[PDB]
């Protein structure tokens, strides 16, 4: 009993947009283990419940006092005296404490902080770093440092501009270490600022939620030549690929069954799913686009399947809102061959055990796994250890700008250093 959970305490803290979120400390004899919960803006309809207070007098209703109370008064007292090494057991206990399919009673934001902190307490109990401990939980045979996929032109709900599609990313796929990958990413980002400033002017180089540039662009094609120019100017021709996140659900009108390419503007530009496939095929041909995430609405399984088959072997199709890190949605995606990459978001599902199960299910069926931040992030670095632990080779955790993004990139540097020069880097299919 001396080695068990001694204290569990939740508190409301701010995320990188200044919105409240939940952080949890688990205390054991080995110390205080702290994990914070991120928060999406373009949240899928099938995501586990993010519980907010709705008190118009605090943060216009975005308080997390109820989720914090649920940690302090409900979940915490159940965990005291328990063996933190029993990850599946404690995650299952919290699932049953909640008793609902969507974590709508306690909140996925109450449960996840606990799940995360338990795993860190356990890693400390074993006397191994978090990535090592999580690797054992996941049965991972080979750790690797991931290629970082840097969202450097921000759009959608994340900026700032007319641009309807959410994320335009660069990934140093030909780097041979994480150190080099991160430096190359930063150098291109710096070149990109100069290019954007020259083309669009001073007022164009302020940043979006994920640290990417938020230039005054409307056209979804327009960022792509700019990315290639920055890659070239920084001295890294040939070393980079492009990744997209369309977040296409956010533009979609269910009644009209079409996508609004100008939803942040006074007048609409209605576009069909077929008009989109033509665009995606053109993108994949004109540029080294190796990954397109959420190219269609979150329930367009047929659209997803069509593009997955069309770009088979050239461009992975990533489910994010389609799959919501959830084995049930993933099984539907597998059955329909809807996509071949999982965007893994721990807070889409709400426990470490379930997120791990989702990764394993995806990899067993031949998919890649891209571990992911949310657009509302914290100083928390859990996903850096998690992506190494899963050996997936792919992470997106922001542009190389803003501390809630660079904290993850830096933690990856520290892990790289621990593992030494024989540690694998990158995603083999892209190298």
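The term rigid core refers to the maximal set of C-alpha atoms that superpose within 1.5 Å between the two forms. Positions refer to the first chain, counted from 1.
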item	value
Higher-deviation stretch (C-alpha RMS, rigid core fit) in 5 other deposited structures of this protein, choosing from 188 to 196 and 162 to 170	162 to 170
Higher C-alpha RMS shift from the shown form in 5 other deposited structures of this protein - 144 to 152 or 219 to 227, rigid core fit	219 to 227
Mean temperature factor over C-alpha atoms, higher-scoring stretch between 55 to 63 and 372 to 380	55 to 63
Between 224 to 232 and 184 to 192 (mean CA B-factor, as deposited), the higher	224 to 232
Highest recorded Cα temperature factor - choice among 96, 120, 237, 345	237
Per the PDB entry, maximal CA B factor within 144, 103, 132, 198	198
Record-listed C-alpha B factor of residue 163: chain third	highest
Third of the chain's Cα B-factor distribution that residue 5 belongs to, per the entry	middle
Position of residue 287 among the chain's modelled residues by C-alpha B-factor, lowest, middle or highest third	highest
Third of chain Cα B-factors occupied by residue 412	lowest
Position of residue 365 among the chain's modelled residues by C-alpha B-factor, lowest, middle or highest third	highest
